[PDB]
Amino acid sequence: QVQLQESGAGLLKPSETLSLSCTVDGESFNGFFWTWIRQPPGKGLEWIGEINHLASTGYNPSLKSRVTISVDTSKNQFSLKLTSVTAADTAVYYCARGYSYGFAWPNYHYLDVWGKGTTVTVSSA
Amino acid sequence: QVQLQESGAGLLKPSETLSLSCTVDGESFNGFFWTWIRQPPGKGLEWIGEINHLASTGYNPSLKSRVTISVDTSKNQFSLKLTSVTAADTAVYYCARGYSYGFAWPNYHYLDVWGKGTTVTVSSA
Amino acid sequence: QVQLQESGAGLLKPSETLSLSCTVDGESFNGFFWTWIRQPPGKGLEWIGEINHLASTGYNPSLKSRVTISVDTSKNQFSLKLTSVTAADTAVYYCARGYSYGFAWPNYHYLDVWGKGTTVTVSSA
Amino acid sequence: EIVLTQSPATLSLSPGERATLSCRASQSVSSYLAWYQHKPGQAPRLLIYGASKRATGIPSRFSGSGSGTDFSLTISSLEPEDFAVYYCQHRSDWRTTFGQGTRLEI
Amino acid sequence: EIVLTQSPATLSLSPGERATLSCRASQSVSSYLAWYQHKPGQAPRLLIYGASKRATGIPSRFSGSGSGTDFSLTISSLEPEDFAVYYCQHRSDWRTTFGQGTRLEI
Amino acid sequence: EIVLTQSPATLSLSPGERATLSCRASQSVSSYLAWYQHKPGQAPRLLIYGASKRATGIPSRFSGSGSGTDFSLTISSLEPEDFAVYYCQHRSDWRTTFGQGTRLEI
Amino acid sequence: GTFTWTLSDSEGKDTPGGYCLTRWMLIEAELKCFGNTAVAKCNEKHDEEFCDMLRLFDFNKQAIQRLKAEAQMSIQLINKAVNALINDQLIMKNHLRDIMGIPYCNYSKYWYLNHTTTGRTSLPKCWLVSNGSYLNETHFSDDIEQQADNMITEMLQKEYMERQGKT
Amino acid sequence: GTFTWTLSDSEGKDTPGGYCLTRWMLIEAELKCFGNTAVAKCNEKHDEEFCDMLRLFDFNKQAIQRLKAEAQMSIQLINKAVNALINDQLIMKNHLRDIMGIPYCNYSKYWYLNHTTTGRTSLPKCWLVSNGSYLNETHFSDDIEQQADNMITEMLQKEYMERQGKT
Amino acid sequence: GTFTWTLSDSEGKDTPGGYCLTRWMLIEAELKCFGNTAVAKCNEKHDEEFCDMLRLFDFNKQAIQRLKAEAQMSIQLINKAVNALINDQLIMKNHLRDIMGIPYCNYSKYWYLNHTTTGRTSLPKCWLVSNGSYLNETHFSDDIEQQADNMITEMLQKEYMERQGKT
Amino acid sequence: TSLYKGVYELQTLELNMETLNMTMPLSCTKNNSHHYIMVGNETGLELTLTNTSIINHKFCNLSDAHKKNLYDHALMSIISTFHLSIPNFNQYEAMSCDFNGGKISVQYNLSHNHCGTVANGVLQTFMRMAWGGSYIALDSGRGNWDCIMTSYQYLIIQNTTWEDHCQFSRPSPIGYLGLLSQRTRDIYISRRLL
Amino acid sequence: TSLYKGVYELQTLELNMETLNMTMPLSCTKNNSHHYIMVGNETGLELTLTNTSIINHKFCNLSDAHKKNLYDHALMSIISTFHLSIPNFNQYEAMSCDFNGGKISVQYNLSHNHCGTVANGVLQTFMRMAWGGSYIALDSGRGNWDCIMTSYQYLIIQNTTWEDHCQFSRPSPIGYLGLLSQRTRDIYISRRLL
Amino acid sequence: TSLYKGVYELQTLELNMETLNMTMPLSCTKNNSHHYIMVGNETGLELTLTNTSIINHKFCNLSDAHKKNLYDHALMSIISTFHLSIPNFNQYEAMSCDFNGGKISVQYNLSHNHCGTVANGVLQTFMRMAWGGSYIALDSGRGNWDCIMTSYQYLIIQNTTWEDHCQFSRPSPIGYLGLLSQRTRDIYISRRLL
Ligand SMILES: *[C@@H]1O[C@H](CO)[C@@H](O[C@@H]2O[C@H](CO)[C@@H](O[C@@H]3O[C@H](CO[C@H]4O[C@H](CO)[C@@H](O)[C@H](O[C@H]5O[C@H](CO)[C@@H](O)[C@H](O)[C@@H]5O)[C@@H]4O)[C@@H](O)[C@H](O[C@H]4O[C@H](CO)[C@@H](O)[C@H](O)[C@@H]4O[C@@H]4O[C@H](CO)[C@@H](O)[C@H](O)[C@H]4NC(C)=O)[C@@H]3O)[C@H](O)[C@H]2NC(C)=O)[C@H](O)[C@H]1NC(C)=O
Ligand SMILES: *[C@@H]1O[C@H](CO)[C@@H](O[C@@H]2O[C@H](CO)[C@@H](O[C@@H]3O[C@H](CO[C@H]4O[C@H](CO)[C@@H](O)[C@H](O[C@H]5O[C@H](CO)[C@@H](O)[C@H](O)[C@@H]5O)[C@@H]4O)[C@@H](O)[C@H](O[C@H]4O[C@H](CO)[C@@H](O)[C@H](O)[C@@H]4O[C@@H]4O[C@H](CO)[C@@H](O)[C@H](O)[C@H]4NC(C)=O)[C@@H]3O)[C@H](O)[C@H]2NC(C)=O)[C@H](O)[C@H]1NC(C)=O
Ligand SMILES: *[C@@H]1O[C@H](CO)[C@@H](O[C@@H]2O[C@H](CO)[C@@H](O[C@@H]3O[C@H](CO[C@H]4O[C@H](CO)[C@@H](O)[C@H](O[C@H]5O[C@H](CO)[C@@H](O)[C@H](O)[C@@H]5O)[C@@H]4O)[C@@H](O)[C@H](O[C@H]4O[C@H](CO)[C@@H](O)[C@H](O)[C@@H]4O[C@@H]4O[C@H](CO)[C@@H](O)[C@H](O)[C@H]4NC(C)=O)[C@@H]3O)[C@H](O)[C@H]2NC(C)=O)[C@H](O)[C@H]1NC(C)=O
Ligand SMILES: *[C@@H]1O[C@H](CO)[C@@H](O)[C@H](O)[C@H]1NC(C)=O
């Protein structure tokens, strides 16, 4: 049994910073790419980024400058901060466990354990 | 059969910059010291400097701060710039091919192929 | 027969710099820790510091920022400078030769040859 | 960069029919694609990985195939629970990309 | 840092008696202590080093002993010229420290 | 730095006479001198190199000799076209120096 | 330089000047003792993988007995002793044979002849591998035959000198 | 360590266990085959320049045949194989002899004796140089004489053992 | 690689192909000449400390005679010649014996047997040390007995081959 | 059962290298991608040929690792020997590391004549270090002379604890011992005073 | 006086290695704390195990010393060989130096398992370099495997002139010669391009 | 025609080392000033003893050359081996280089006891590398011990194409192979953490 518990405020105003955290309960923290994904309303899945236990990261190039992902292996958590949010950042945000296999062909990758998801809306009201 | 063609304006005013170029047609470009010499009116020969195909240079000390010699091996040419020219820089300027033999005693050096020469005068008129 | 001649003005005003020098006549300069000690009136001995012929130094921590000791092995001399002297620096100042034995247990150290000493007083008069 | 385009945009089928969805990569993939199912009100579910491997709890009707640039997800006989949005997913080194998704509706 | 406390502060002894002075280091010493005699109007004189061996010109009445944290200087029969101030001294690497001193008076 | 002084400043000689020109170095030469002939309105022409070797197209009447600090150029039977200005030249590593020149006239 | 490690005295008295591999040093978990004749070659040969392994195992045992063993390893110790123990060029030759597709020694398996009646043996030689598997015996039986010939010839020559000495 | 490269089997059947230098390996562009007796010494001696050159040439040939040769060079290959092929200290010895003014081997030229009737030879030894020229034969004829003596003695001793074996 | 330095010819004619240690090379300031038989072993053995010291002393003498000696030292020279002169692994083995509490050679002292009547000797072997002192002779008398037995066996075999050759 | 000259029986033995574990490292191969060098019964290095990188920066903070002095000294020695054995290594960007907390993570980027590349040198050193069981993963793309090419983009070396990993080849110290003499033999000069 | 087999007298010789002075350095031990490696009859290095440090800074200005080129080249070579022979040296602050005026002064700080420390590596190197005479000063604190511990806080190496110092052991070139092969064998990598 | 013991004919052979060209470099001497080390039949290094320098700056941009990765890897290896074989090299200004466009140009400045100089170490390395035919250009000023002095001011190493250069000595791999073991044996330490 693997659980990803998500936390973070979903009510934001423009130019603020989104701060989400995901805590992993179950199995090891190493060997996985802890991943942030988002789905805007009326839109498909969009990969935000990923991080492993060495703090190596990968980011979507269209958000790279403003997005930061961090890790804490002491309590098996990983965090997403997205600075200077505008209306384009309203979406459902998911943390997920990714596993990549590159030891033999065919290589494969998947996101098998997903968190519940957090709705994030940004507006002036 | 070796030719050196010299180009560059010879009509200058004080504080300007003399720019001369010498192109080599015939035989190799490596292994020679491409040399700039000048003769002021009523004076003897004066070595300006030299450069080889590795862009290593040698300059007359009395002009070092003002003289720059460069090379372009793609088209086998070499160039001389003298910045902030005063009345002491009126002279006939020659480019020449120098060859130095230092493999056995007696060592020797000579300038065997010379360009036609360019008159350079600096005045207020 | 070894003497440690001592020189330097003992009359100073506050915020000046005490500058004392001690020259060694007799036996070797290397292998010793040339040491500065002081005794304030109505007070016990206080180690100022020490230096060897390699210019390695040790200072009293209560004075480190304010004290400097130097050597000149050409004439076998060593000097003490105390900057911005206040009333707490009135004392008799001694140069001494220290020898440290650390080649076998029990290790030992002593100051066997002492200079005469210089009285140093600081006042507004 | 390897991008994924899914085909078609929408599929209209009745329960018990065979559903076939395609995913096309802009170049030969660095890694075989994964297929996810997504319903409103819950997180996406991993269906297929390695282009042919079923995940845990995935019913046998879900199959996959493909290589190079062409990959396909097949539902042999679809139950009413199969009407959702399906995504293909690729990963190159430190870069994960998603297809735009296909809506499988009645 | 190794510091030295001398005991006692002052002794009142008639000439010919036995004088004993103690020095206690805050921790086990890096090197055995030295003992100096000092009179007003002149420089301190090295009496004992290595905690038990006399320096040059030191009369045999001066003896030393000790180890660890406890060291002592002994004058078997003290002459009138032995009344002075006595210091124990320690050195760790590039740090020399003195005891506060002990006064012998008639 | 090595400098070259030519002797004499000027020469007055008749056609068919023997011409001897000297070049003195301020120290023993890094390499043997070279000799050039220069006429007004045209470029200097290399006559001799290595202090004794004729360049291409140089008539046999031109000879050279010397070593150490003393070098000489000789014209056995000078022709009317041999009246010009003659230069000795030396090169140390990345430094070329010329003598002041000697004028040979009728 | 050259290896120098002297083999420690054999525990088994059956081989007075030989060497014994205990149950731990072998996969079949048995004891194999080789006589003085075979072990003497290990002092002078430079291309015998088995003699390098003998030196390695002996060094291991002596280190465990004379030095206070701890779980943390003294990489330094083997780093300094290696060339006193083995010929690293033997290893290089096996690498070169491997990359050239030539059958090579991977230091795992060794064959030797046993003169059943007497119990004398030959110096074990490495069982070569190729294509990820051990060579079939028929591929190198000629070398085995050669070893048998050697075991005959040297013994016969010893007998000759024996006849000489006794007379 | 010590060299380990085994010589490949001789092409010429005249020398069953020897080695042959083809026309390309020699300046006179001819074939010279040396017998098994001379070639066996190359397995045990450490100061024979000729046996190091044999290992170099054999390594060269085997590399050309078993590896896909290209014009771009594998400096690494010879860099790793060198000490398995030659004694670099032999080279150092010749350098030290050179700098001390002692006649030294420059690995170009070798002499050996040939027993005309039978065709058996001795192991070639380097023809030394001094003052930029090869030594005249009279300067080292004593060494040549010694080789002849050895070439007799060892063979005679073999004959003795032969007599022992037949009887 | 392996050592390669050839010993220079012995000054003393008593030992035609041996080696002589002059009064300067010994603490007793006397002359000790060893015969050709003992000195020939120095060309083939790899674990004889004495043969490495012989090579060191011979290199020293030859360098002093053929090179212009100066007080400033050419550390480079010995640095480059060292492995041509000695087996550094012999040194490493003595270090390992030292750190394991095993008696080891500190290259100062050597013992050998002398057949008084003839003056023939064996190749000196290092006198081992332990706990800061030389081993008492009774602790390694077995090795001395082994050396005497070896000198007997080799002589008897030489006599056998001699008798064969003469007949 | 095989008899030679009628009197000589052919018999075999196989050495148990595992008993050497306390005095020398032992390398073995688990499968195509996974290889191990064990130091004692408690620690070692896992060498994986993989298309999945775990480090995505250009740092290798060796000096900070040394000063902090938290790593296992034997493991750092093994890493140093491996890196110093690589021939013609001249691309410092190809090697990245993580040593924080005393752990050991080293990643060699093998992506791209294939002979004069970091990939060739790295893979040759790997073949020597993991000698025995390397051949199955290597020489997929045959190269000229001693040249090695594989389809793997990364070689990753991370510390690990002991486990029975030697499914494909028996543990052996031979690769490590052989590489000891290769150290610095084919390094390039990067400055005049080294 | 000691006859074996009746006809074999046991005789001995001792080599005077001092005669090698002009072609190789000779090391010897004077007592527990003082050891020497002499180069010729004029100069050498004194190595002292001591609690009394003579340098109290963190500099070792090797590049500037090379720049000035005033030191004795043989002595600098000996220093280089010694330092390069230390296993696993990874604390550069533990080594301080003074080279002003061409002098050679090097000080290793041995103060603090004790095996994975600079003290152990430096002392093992000292045991090899000052072989034949080090044992009296060493092995006081017995350690696992080949590990050495002493009560001394510092090892100091300073140049000195020739004097008859070999009271405890005879002069011998063996330690230096043996250490020559140890150079760089156990150094750590501190950057990717050596 | 030369008969020994009446039955033994003295015969000779000379090896054609040129046939080793594809697997090892071959060095030979053209004359006093010009020497060559060829790599295959297409490329190599020309080493010239000369009074005429071609570089008049103090740069040797080795790291940039590694980064650009345009040079011939075998030639860079030969350069590295040569430089690492120089004994007691301690004057970095004496070596200048040009590597632009993948070319190799290295210039050792031999100008100035003569033994403790860069010139001596560089020339000894040159004698070993160009062994055979070096002697005619070398030891003009006979030095103490193994010391070499010449009248040349520079040693220049530049890449070149194959040509029949071996007028004075036959091509041979011995010098290069012998120098391989000399690498790093006599280098000075320039920092505490190599
Ligand atoms: C020199 O070269 C030679 C020749 O190339 C090398 O020799 C090889 O060495 C390897 C490594 O030792 C050998 O591999 C071993 O094989 C045995 C036997 O396996 C066979 O029989 C099994 C049944 O007995 C069978 O299951 C096996 O097939 C299955 O498994 C293999 C992979 O192992 C698959 O490929 C097959 O598809 C199939 O699924 C096979 O037919 C294995 O038992 C052995 O594995 C055990 O031991 C390992 C080492 O300790 C452990 O890591 C493993 O977990 C495994 O553990 C044990 O497994 C037993 C079988 O399942 C089980 O019963 C037992 O309980 C369990 N645990 C214990 C404690 O025993 C290993 O894989 C290989 O066969 C050799 N090849 C040849 C030709 O001889 C040599 O290594 C080289 N030397 C060097 C230094 O490089
Ligand atoms: C291999 O291992 C072996 C075994 O472990 C090593 O052998 C040892 O080698 C050392 C070094 O050579 C030997 O030490 C020498 O001993 C002699 C003899 O000393 C004895 O007799 C003396 C009277 O003859 C006596 O005084 C001595 O005791 C006194 O001194 C010692 C210290 O020396 C103290 O410990 C004692 O408490 C006591 O005070 C002792 O009984 C010594 O003579 C010799 O010293 C002289 O030579 C040194 C080397 O040149 C000089 O440096 C010294 O200054 C000293 O000089 C000479 O001293 C003479 C005696 O006083 C004096 O008469 C003379 O005028 C004077 N000068 C000259 C020019 O001669 C030295 O100490 C040791 O005994 C050996 N041990 C054994 C068991 O044999 C071997 O070295 C190892 N090899 C290697 C390479 O490591
Ligand atoms: C170990 O030590 C030994 C002993 O020290 C070394 O042996 C020496 O090796 C060198 C190099 O091989 C030998 O030099 C060769 O000599 C031959 C023969 O030259 C003689 O005869 C010629 C007529 O046949 C004659 O012209 C020569 O004199 C002239 O030339 C020399 C210089 O070569 C001048 O010094 C003289 O003043 C004079 O002008 C001489 O008497 C040469 O043929 C040979 O040169 C050819 O081959 C070279 C290598 O391929 C080429 O680079 C040259 O261009 C040249 O090419 C050929 O030249 C022929 C002659 O002109 C011509 O006919 C032919 O067409 C042409 N081309 C071809 C394809 O053949 C070279 O110079 C030297 O003699 C050896 N010394 C001894 C004592 O034996 C050995 O090398 C050392 N080994 C190592 C590894 O260091
Ligand atoms: C050490 O060398 C320096 C070099 O300048 C010299 O001045 C000094 O005297 C030497 N020291 C000793 C103790 O001999």
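Just follow the structure's listing: the first ligand is 1, and inside any ligand the first atom is 1. Residue numbers start from 1 in every chain, and the chains themselves are labelled A, B, ... in the order their sequence lines are given, proteins ahead of strands.
- Aromatic ring centroids of L:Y135 and L:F168 lie under 6.0 Å apart.
- The protein does not reach atom 41 (O) of ligand 1 closely, with no heavy atom under 4.0 angstrom from it.
- By the definition of a contact as any protein heavy atom under 4.0 Å away, atom 84 (C) of ligand 2 is in contact.
- In this structure, atom 11 (C) of ligand 2 has protein heavy atoms in its sub-4.0 angstrom surroundings.
- At a distance under 4.0 Å, no protein heavy atom can be found next to atom 23 (C) of ligand 1.
- Under the 4.0 Å distance rule, the nearest protein heavy atom to atom 62 (C) of ligand 2 falls outside the cut-off.
- Residue nearest to atom 3 (C) of ligand 2, selected from I:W127, I:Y134, I:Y107: I:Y134 (by heavy-atom distance).
- Using a 4.0 Å threshold on non-hydrogen atoms, atom 44 (C) of ligand 1 does not count as touching the protein.
- Between atom 49 (C) of ligand 1 and the options J:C166, J:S169, J:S27, the minimum heavy-atom separation is to J:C166.
- Within a 4.0 Å radius of atom 65 (O) of ligand 1, the protein contributes no heavy atom.
- For atom 76 (N) of ligand 3, no protein non-hydrogen atom is found at a distance below 4.0 Å.
- With hydrogens left out, the protein atom closest to atom 1 (C) of ligand 2 is I:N106 ND2, 1.4 Å, a heavy atom.
- K:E18 and K:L26 get closest at one heavy-atom pair: OE1-CD1, 3.5 Å.
- Ranking the protein heavy atoms by distance from atom 56 (O) of ligand 1 puts J:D164 OD2, 4.5 Å first.
- The neighbour count for I:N136 CG, taken as heavy atoms of other residues, nucleotides or ligands under 6.0 Å away, is above 12.
- Only the backbone of K:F168 comes within contact range of ligand 2, with a heavy atom under 4.0 Å; no side-chain atom does.
- For the pair L:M24 and H:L56, the minimum side-chain heavy-atom distance is below 4.5 Å.
- The shortest distance between side-chain heavy atoms of H:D88 and H:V82 does not fall below 4.5 Å.
- Shown here, atom 81 (O) of ligand 2 is in close reach of the protein: a heavy atom of it lies under 4.0 Å off.
- The shortest contact between atom 54 (O) of ligand 2 and any protein heavy atom is with K:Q167 NE2, 3.5 Å.
- There is no protein heavy atom less than 4.0 angstrom from atom 19 (O) of ligand 1.
- Put simply, atom 30 (O) of ligand 3 has no protein non-hydrogen atoms near it, under 4.0 Å away.
- Distance remark: protein heavy atom not present below 4.0 angstrom from atom 16 (O) of ligand 1.
- Contacts between I:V129 and ligand 2, counted as non-hydrogen atom pairs separated by less than 4.0 Å, involve the side chain only.
- Taking every heavy atom of both residues into account, I:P124 and K:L13 meet most closely at CG-CD2, 4.3 Å.
- Distance check on atom 36 (C) of ligand 1: every protein heavy atom falls at or beyond the 4.0 Å cut-off.
- Side chain of H:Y110 to backbone of H:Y107: a donor-acceptor contact under 3.5 angstrom is found.
- For atom 70 (O) of ligand 3, the nearest protein heavy atom is 4.0 Å or more away.
- For atom 47 (O) of ligand 2, no protein heavy-atom neighbour is present inside the 4.0 Å cut-off.
- Nearest heavy atoms, L:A130 versus L:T29: O-OG1, 4.2 Å.
- Atoms of ligand 3 lying under 4.0 Å from any heavy atom of L:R170, numbered from 1 in the order shown and given with element: 11 (C), 12 (O), 81 (O), 84 (C), 85 (C).
- Within a 4.0 Å radius of atom 26 (O) of ligand 1, the protein contributes no non-hydrogen atoms.
- A cation-pi contact, defined as under 6.0 Å to the ring centre and within 45° of the axis, links G:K109 to G:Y134.
- Residues K:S33 and K:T48 are not in side-chain contact: their nearest non-hydrogen atoms beyond the backbone lie 4.5 Å or more apart.
- A salt bridge links L:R170 and L:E14; the closest N-O separation between the charged side-chain nitrogens and carboxylate oxygens is under 4.0 Å.
- Distances below 4.0 Å separate heavy atoms of G:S108 from the following atoms of ligand 1: 1 (C), 83 (N).
- Looking at I:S130, K:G132, K:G133, I:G132 and measuring to atom 5 (O) of ligand 2, the nearest heavy atom belongs to I:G132.
- Checked against the 6.0 Å centroid threshold, H:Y104 and L:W131 count as a close aromatic pair.
- Close contacts of ligand 3 with L:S172, meaning ligand atoms under 4.0 Å from a residue heavy atom, involve 85 (C).
- J:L15 is listed as a side-chain neighbour of G:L21, based on a closest heavy-atom distance under 4.5 Å.
- Within a 4.0 Å radius of atom 51 (C) of ligand 3, the protein has at least one heavy atom.
- In this structure, the side chains of I:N94 and I:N106 stay at 4.5 Å or more apart for every pair of heavy atoms.
- Side-chain atoms of L:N16 come within 3.5 Å of backbone N or O of H:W24 as a donor-acceptor pair.
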Quiz prompt | Intermediate values then yes/no, salt bridge (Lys or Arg N to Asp or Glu O under 4.0 Å), L:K30 and L:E46 | solution = CA-CA 10 Å; L:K30 186 180 183 295; L:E46 166 184 275; over 6 Å; no
